[PDB]
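K.L.:
Provide a 3D model corresponding to the input given below.
(one chain, ligands or ions: 2)
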Amino acid sequence: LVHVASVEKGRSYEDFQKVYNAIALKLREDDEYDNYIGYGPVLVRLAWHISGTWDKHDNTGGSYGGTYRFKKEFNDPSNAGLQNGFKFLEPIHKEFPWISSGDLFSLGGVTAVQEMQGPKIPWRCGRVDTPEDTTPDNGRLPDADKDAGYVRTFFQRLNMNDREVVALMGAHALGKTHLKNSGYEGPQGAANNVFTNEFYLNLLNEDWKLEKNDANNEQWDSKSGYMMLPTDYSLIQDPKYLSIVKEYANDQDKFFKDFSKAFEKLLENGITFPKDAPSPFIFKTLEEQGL
Ligand code: HEM
Ligand SMILES: [K+]
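P.N.:
Residues are numbered from 1 along each chain as shown. Ligands and ions are numbered 1, 2, ... in the order given. Sure, structure below:
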């Protein structure tokens, strides 16, 4: 399988900047979602989820084909709750119908990160919608009740090393777990809609207590009222992961550069960018444009 990126006929940077701004303005507007968290978090997760189905072995899955839009993928249990971000995007797609789905799902994630004060994430256009039959089966997204070895093993399927994994997990600082979605409940910290290194800080500074939740699952609960998944907790259990956590806890900038690179990589896995493809775009945030 080869998926060559193909620029949407006749579109340039400026056209994308507009999709961006449209997402951004809508984020600003619908701020009541999930009790004032806003849609930022769910969009980052949608973008990660449409991309985590990838398999470096056979090149199936990944964000290229916009398969999330099909039933099999859309109804994946590990995708519970993502429908809210889908619906958020929907009007947007209507306003800009020439964008491919993979392009849009992924741009939402970038927009989300940047609008929430995170780092700038270079983004590339060119994903092409593929047919219903290219939809990966359910089962490729990771479980949360595991440990560091699982995570390690899991992420390898996506070509991510220790450093990327840890960088990538910092996104857990955003949003929260929801009992009805995954059988877990609670936020990871206090600033849940502004992008920071809080995740690492929390993991190193709170005094976590293992407990069972209402869904009969285990989670690490802290006095502050925060929770961590077994998989999140696992980053302190593993020696290699822990030194990285420590690095990010001390230097938000390193975290940001690392997250940036990894997130783009993550969204670009499985895609072949031809030689003449335009360079990756760096979008202006609403504020940078004075809107
Ligand atoms: C071991 C790998 C991962 C596991 C098992 C995991 C699983 C989870 C769980 C179970 C949820 C809660 C969903 C809910 O009930 O609504 C979730 C929340 C979320 N996940 Fe992950 N995740 C992992 C990797 C990541 C990565 C790589 C990203 C993005 C870079 C990330 C971003 C998010 C975000 C932002 C939230 C909050 C969503 C919201 O507030 O609705 N996750 N994660
Ligand atoms: K979270």
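K.L.:
Can you show me the helices along the stretch 151-291 of the chain?
P.N.:
Counting by DSSP state H, counting those that start in this stretch, one finds helices in the stretch 151-291 of the chain at the ranges 162-169, 179-182, 198-205, 230-237, 239-250, 252-268.
K.L.:
residue contacts, the residue of the chain found nearest ligand 1?
P.N.:
Residue of the chain nearest ligand 1, by C-beta to the nearest ligand atom: residue 175 (1.8 Å). (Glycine included, C-beta is placed from N, CA and C.) By C-beta atoms under 8 Å, 6 or more residues apart in numbering, the contact list for residue 175 reads 34, 37, 40, 41, 42, 44, 45, 187, 192, 193.
K.L.:
again, but for residue 125
P.N.:
5, 7, 8, 11, 16, 103, 278, 281.
K.L.:
domain ranges for this structure?
P.N.:
What curated CATH domains lists as the domains of the chain is 1-141+263-291, 142-262.
K.L.:
By neighbours, which of the contacts of residue 125 wins?
P.N.:
residue 103 (27 neighbours; other C-beta atoms under 10 Å).
K.L.:
shouldn't residue 130 be in contact with residue 67?
P.N.:
Yes. At 6.9 Å, residue 130 and residue 67 qualify as touching, with contact defined as C-beta atoms under 8 Å.
K.L.:
Of those two, give the one with the bigger neighbour count.
P.N.:
Comparing residue 130 with residue 67 by neighbour count (other C-beta under 10 Å), the higher total belongs to residue 67, at 26 against 18.
K.L.:
and that one, how far is that from residue 107?
P.N.:
Distance, residue 67 to residue 107, using C-beta to C-beta, to the nearest Å: 16 Å.
K.L.:
Please apply the same query to residue 166.
P.N.:
For residue 166, the distance to residue 107 (C-beta to C-beta) stands at 25 Å.
K.L.:
same deal with residue 58?
P.N.:
Taking C-beta to C-beta, one finds residue 58 at 26 Å from residue 107.
K.L.:
Looking at the two, which one has more neighbours?
P.N.:
Using other C-beta under 10 Å, the more surrounded residue of residue 58 and residue 107 is residue 107, with 27 against 9.
K.L.:
How about the residues of the stretch 51-200 of the chain by ligand 1?
P.N.:
81, 142, 144, 151, 168-169, 171-172, 174-178, 181-182, 184 (C-beta under 6 Å from any ligand atom).
K.L.:
And the residue of the stretch 1-150 of the chain closest to ligand 2?
P.N.:
Going by C-beta to the ion, ligand 2 is nearest to residue 41 of the stretch 1-150 of the chain, at 6.8 Å.
K.L.:
Could you pull up the residues touching that residue?
P.N.:
34, 112, 174, 175, 176, 192, 193.
K.L.:
Can you report how many residues lie near residue 114?
P.N.:
24.
K.L.:
still on that earlier bit, could the helices of the stretch 151-291 of the chain go into CSV alongside mean neighbour count?
P.N.:
Converted to CSV, the helices of the stretch 151-291 of the chain look like this (neighbours: other C-beta atoms under 10 Å):
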stretch, mean neighbour count
helix 162-169, 21
helix 179-182, 14
helix 198-205, 21
helix 230-237, 20
helix 239-250, 17
helix 252-268, 19
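K.L.:
Using JSON lines, lay out these together with distance to residue 91.
P.N.:
Conversion of the helices of the stretch 151-291 of the chain to JSON lines gives the following (distance: least, C-beta to C-beta, whole Å):
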{"stretch": "helix 162-169", "distance to residue 91": "29"}
{"stretch": "helix 179-182", "distance to residue 91": "23"}
{"stretch": "helix 198-205", "distance to residue 91": "31"}
{"stretch": "helix 230-237", "distance to residue 91": "33"}
{"stretch": "helix 239-250", "distance to residue 91": "36"}
{"stretch": "helix 252-268", "distance to residue 91": "22"}
